[PDB]
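Residue numbers for the sequence shown follow the authors' numbering, so the first one is 1 and each next one is one higher.
The beta carbon of each residue, even a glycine, is placed where N, CA and C say it ideally should be.
Everything below concerns the one structure shown next.
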Amino acid sequence: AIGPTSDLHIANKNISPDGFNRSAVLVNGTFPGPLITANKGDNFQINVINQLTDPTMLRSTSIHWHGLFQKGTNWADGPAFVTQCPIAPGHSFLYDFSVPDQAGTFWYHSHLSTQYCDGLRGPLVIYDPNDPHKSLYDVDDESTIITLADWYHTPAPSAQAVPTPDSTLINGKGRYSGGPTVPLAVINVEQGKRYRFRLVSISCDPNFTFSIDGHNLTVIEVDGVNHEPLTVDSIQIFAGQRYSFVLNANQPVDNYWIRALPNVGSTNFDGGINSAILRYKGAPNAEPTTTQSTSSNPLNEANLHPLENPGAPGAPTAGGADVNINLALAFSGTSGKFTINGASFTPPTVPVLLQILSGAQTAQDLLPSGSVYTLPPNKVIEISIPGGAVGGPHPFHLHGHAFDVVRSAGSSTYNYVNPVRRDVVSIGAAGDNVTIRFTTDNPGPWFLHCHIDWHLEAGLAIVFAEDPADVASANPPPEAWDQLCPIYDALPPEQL
Ligand SMILES: *[C@@H]1O[C@H](CO)[C@@H](O)[C@H](O)[C@H]1NC(C)=O
Ligand SMILES: *[C@@H]1O[C@H](CO)[C@@H](O)[C@H](O)[C@H]1NC(C)=O
Ligand SMILES: [Ca+2]
Ligand SMILES: [Cu+2]
Ligand SMILES: [Cu+2]
Ligand SMILES: [Cu+2]
Ligand SMILES: [Cu+2]
Numbered sequence: 001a002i003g004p005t006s007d008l009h010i011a012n013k014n015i016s017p018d019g020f021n022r023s024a025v026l027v028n029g030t031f032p033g034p035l036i037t038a039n040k041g042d043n044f045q046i047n048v049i050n051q052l053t054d055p056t057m058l059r060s061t062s063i064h065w066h067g068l069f070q071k072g073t074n075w076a077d078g079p080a081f082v083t084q085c086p087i088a089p090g091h092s093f094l095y096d097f098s099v100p101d102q103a104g105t106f107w108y109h110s111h112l113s114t115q116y117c118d119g120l121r122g123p124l125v126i127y128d129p130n131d132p133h134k135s136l137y138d139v140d141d142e143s144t145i146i147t148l149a150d151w152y153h154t155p156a157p158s159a160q161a162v163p164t165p166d167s168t169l170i171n172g173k174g175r176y177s178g179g180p181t182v183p184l185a186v187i188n189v190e191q192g193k194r195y196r197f198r199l200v201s202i203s204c205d206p207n208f209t210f211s212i213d214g215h216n217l218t219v220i221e222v223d224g225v226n227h228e229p230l231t232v233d234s235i236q237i238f239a240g241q242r243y244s245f246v247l248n249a250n251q252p253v254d255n256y257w258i259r260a261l262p263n264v265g266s267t268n269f270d271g272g273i274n275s276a277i278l279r280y281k282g283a284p285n286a287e288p289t290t291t292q293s294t295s296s297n298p299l300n301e302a303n304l305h306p307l308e309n310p311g312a313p314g315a316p317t318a319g320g321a322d323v324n325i326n327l328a329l330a331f332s333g334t335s336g337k338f339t340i341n342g343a344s345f346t347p348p349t350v351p352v353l354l355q356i357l358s359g360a361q362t363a364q365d366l367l368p369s370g371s372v373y374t375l376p377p378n379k380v381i382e383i384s385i386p387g388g389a390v391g392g393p394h395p396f397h398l399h400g401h402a403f404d405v406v407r408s409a410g411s412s413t414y415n416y417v418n419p420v421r422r423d424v425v426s427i428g429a430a431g432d433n434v435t436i437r438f439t440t441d442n443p444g445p446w447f448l449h450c451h452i453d454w455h456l457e458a459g460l461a462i463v464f465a466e467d468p469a470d471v472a473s474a475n476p477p478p479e480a481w482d483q484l485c486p487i488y489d490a491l492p493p494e495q496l
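Here it is as structure tokens:
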């Protein structure tokens, strides 16, 4: 693990996490990237060094700190052409920000095109010295991080129209169907001990149905936010979501299968794919022979309730927010592009933040045309995103904010009293009307998009220009940020 001041080298490396050798885009030569840790209230100074050289994937880069609000530091949020131009090959950029009011489980990833699929993704944990759930567990450290990743054998820019993952990597290890039987990830526990496992989806696409043979899971945290403990026997986790769950190692000393079943790709466990191993101290060095019992108590988002200040903002009636926005999704089979209310997001040449700093303060004047929505400050926003467009279920992610999910997928019931509070939500399927609320307490241009990276690349996104009149003042960027676009725009396309 590394601390909140760190020097991250982004470079290409040949790796074989599932036994197939491919060039990747990695942080300090590992997949996943190193765990970044901090304590509540810390200041981050993450110096990102771009040493990329391999022209089969993108060689510029930009890193997003997923789930961190970036109040007053919108310029450090990371989404390319929304809050910055990319860091050019050979150049560096210091992400300098603070987290005064957040503690929980997060992650970081490239936010340039589909580059994070090529390997630039890792976990980020902000610990709370006064964690209200601390009495529920004994162990919470780097050994209790569980990353779930999809992995591809072809570089991201070579993507088929509908890419499909080759393997599931748990803590960086896993197998592909028909591939070598490489060692699976092992998570070691001591009988009688209680573990805070921090489950991080760093997926580019599949959701995972996560379970551990013979063990219930007590969910205590959702996308960085403390929730009332909820015991389940399986968790369906969508791209970019995080859960902390407490596991009580109260079963016989043995090896137990950890299961992460994707919704796309190989949807079984044959030959140890989509699997890892929970090993009790004293158990043999062997693979499990446990079997899966049918989930009778799967996690339902409708049962998650925030531990602190439960309750959605605004009046507890439908459309009873200050601003009400409905997002209609479509997909063109001929062009392969997604649209939101008729507009496909294409990255603008001038990043949205720079446009605003340059005087573009209206939806009419902000690029890309039709994709940028202005919001007034200190108001309650309600967003509905009905499901149904192809490629689902789409997990939508809002930057700069956590939101309250007043209506979740698979339910027609509204909850304003204690709905789940998180930052990535599945919008479900045709017939769902997933609805979220948040308060505009954070000026800046904030991305809202499907976190399936292939769909984001195909245009499934909008930008909220929240309080554009204040944005320059509240987010005054450092000189290093001013130089990013001049450097980037001087690049010939050959060098990207
Ligand atoms: C990445 O590698 C550089 C080069 O040695 C090192 O200075 C830096 O601290 C590393 N960062 C990590 C391991 O997070
Ligand atoms: C969808 O959700 C919005 C937000 O609560 C609500 O106003 C609208 O009536 C809902 N429509 C349907 C058909 O459920
Ligand atoms: Ca360095
Ligand atoms: Cu993310
Ligand atoms: Cu994010
Ligand atoms: Cu999607
Ligand atoms: Cu994003």
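Taking every residue with its beta carbon within less than 6 Å of a heavy atom belonging to ligand 1 gives, in chain order, 2, 6, 7, 8, 9, 28 and 34. In this structure, residue 455 has its CB closer than 7 Å to one or more heavy atoms of ligand 6.
Residue state for residue 489 is assigned as helix, using DSSP reduced to three classes. The alpha-carbon of residue 8 is positioned some 32 Å away from that of residue 470. Straight through space, the alpha carbons of residue 447 and residue 239 are spaced by roughly 16 Å. In chain order, the residues positioned with their C-beta nearer than 7 Å to some heavy atom of ligand 4 are 64, 66, 107, 109, 240, 397 and 451.
By the CB criterion at 8 Å, residue 387 and residue 429 fall inside the cutoff. Annotation for residue 372: the continuous beta strand (DSSP E) segment containing it runs 372-375. In this structure residue 155 is buried. Its beta-carbon is surrounded by 16 or more other beta-carbon atoms within 10 angstroms.
Closer than 7 Å to some heavy atom of ligand 6: that describes the Cβ of residue 460. Distance from the C-beta of residue 410 to the nearest heavy atom of ligand 2 is not below 7 Å. Linking residue 216 to residue 234 through their CA atoms gives a straight-line distance of about 8 Å. For residue 79, no beta strand (DSSP E) segment is defined, and its DSSP state is neither H nor E. Taking the C-beta atoms as reference points, residue 207 is found nearer than 8 Å to residue 263. Excluding sequence positions up to five before and after residue 38, its CB lies within less than 6 Å of the CB of 4 and 126, all in the same chain and listed in chain order. The beta carbons of residue 466 and residue 433 sit no closer together than 8 Å.
In the DSSP assignment, residue 479 falls within the unbroken alpha helix (DSSP H) covering 479-482. Taking the Cβ atoms as the reference, residue 492 lies roughly 29 Å from residue 74, outside the contact range of under 8 Å. Distance from the CA of residue 275 to the CA of residue 339, rounded to the nearest whole angstrom, comes to 36 Å.
With at least 16 other beta carbons inside 10 angstroms of its own, residue 114 counts as buried.
With respect to the 8 Å criterion, residue 301 and residue 406 are not classified as neighbours on the basis of their beta carbons.
Residue 445 sits in a strand when the DSSP states are folded into three classes. Apart from the 5 residues on each side of it in sequence, residue 279 sits with its Cβ closer than 6 Å to the Cβ of 186, 188 and 255 in its chain, given in chain order. In this structure, residue 31 has its beta carbon at no less than 7 Å from each heavy atom of ligand 7. Taking one beta carbon from each stretch, the stretch 24-38 and the stretch 116-132 have 3 or more pairs nearer than 8 Å; the two touch. With contact defined as three or more Cβ pairs closer than 8 Å, the stretch 101-115 and the stretch 156-166 are in contact.
Here DSSP, grouped into helix, strand and coil, assigns residue 85 to coil. Contact annotation, residue 382 with residue 437: C-beta distance approximately 5 Å; criterion of less than 8 Å satisfied. When only Cα atoms are considered, residue 393 and residue 273 end up about 23 Å apart. Set against 7 Å, the gap from the CB of residue 399 to the closest heavy atom of ligand 5 is smaller. DSSP places residue 123 inside the beta strand (DSSP E), whose first and last residues are 121-127.
Burial is judged here by how many other beta carbons sit within 10 angstroms of a residue's own beta carbon; residue 347 has at least 16 and is buried. With distances taken between CA atoms, residue 203 lies nearest to 66 out of 66, 379 and 43. In the three-state reduction of the DSSP assignment, residue 117 falls in the helix class, which pools H, G and I. Listed by position in the chain, the residues whose beta carbon lies within less than 5 Å of some heavy atom of ligand 2 are 318, 319, 384, 433 and 435.
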